[PDB]
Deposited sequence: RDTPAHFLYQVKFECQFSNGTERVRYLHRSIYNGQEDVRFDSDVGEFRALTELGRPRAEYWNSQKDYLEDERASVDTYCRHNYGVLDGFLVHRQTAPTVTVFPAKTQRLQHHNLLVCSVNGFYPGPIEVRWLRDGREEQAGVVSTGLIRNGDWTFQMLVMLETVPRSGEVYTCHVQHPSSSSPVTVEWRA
């Protein structure tokens, strides 16, 4: 029953290419951040008591401190270089299909990457529209169930419209009533 857990997490935050690079080293014991080096601070900070000695000791290690100070280049900028080559600009277009639920229609965007998307309904509106939100499938794909209540008005058209940066041209799918 008595489990004991320790997490090291080295974080690189990138904004506007690599002109905004934040390094974060965090030491986390039983789910509580104890000591953290942050590039924007330039030194270890003891978050809880348990840190003091290590942060004290690590800032005193003049050689390691320069390693940590420099990581935004040798570690972040480098690893982002390698990613830029396949991961960073990975696009995968969705597979958009409509149907009734369980009237209430369900636009089902599936297999799309990256997450950012613009799904909308039309009667050739805003009210009646319910989304799941963005859903990680864990295989580098998202889905989203954007559903819309509707009185089955005779010969009316519902279009579900999906503009994603996968293909410039928007995918659109129709359903007649």
_Going by C-alpha coordinates, which parts of the deposited sequence are missing from this model?_
1 to 3, 106 to 112, 135 to 137
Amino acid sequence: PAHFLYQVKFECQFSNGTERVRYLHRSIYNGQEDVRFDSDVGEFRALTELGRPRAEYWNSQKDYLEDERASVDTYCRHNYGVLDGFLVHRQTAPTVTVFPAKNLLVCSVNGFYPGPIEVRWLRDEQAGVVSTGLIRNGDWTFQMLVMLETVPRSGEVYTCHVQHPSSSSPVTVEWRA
From here on, numbers count along this sequence of modelled residues.
*Give the stretch, out of 62 to 70 and 39 to 47, with the larger mean C-alpha temperature factor in the deposited entry.*
62 to 70
*Going by the average Cα B-factor in the PDB entry, point out whether 154 to 162 or 17 to 25 comes out higher.*
154 to 162
*asked:* Quiz for you: based on the deposited Cα B-factor, which of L105, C76, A93, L87 is highest?
replied: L105
*Where the record places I117 (Cα B-factor, split into thirds across the chain)*: middle
*Check where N30 lands among this chain's C-alpha B-factors and tell me if it's the lowest, middle or highest third.*
middle
*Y6: which third of its chain by C-alpha temperature factor?*
lowest
*Among the chain's modelled residues, which third holds the C-alpha B-factor of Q126?*
highest
*Would you mind checking where the Cα B-factor of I135 ranks among the modelled residues of its chain, as the lowest, middle or highest third?*
lowest
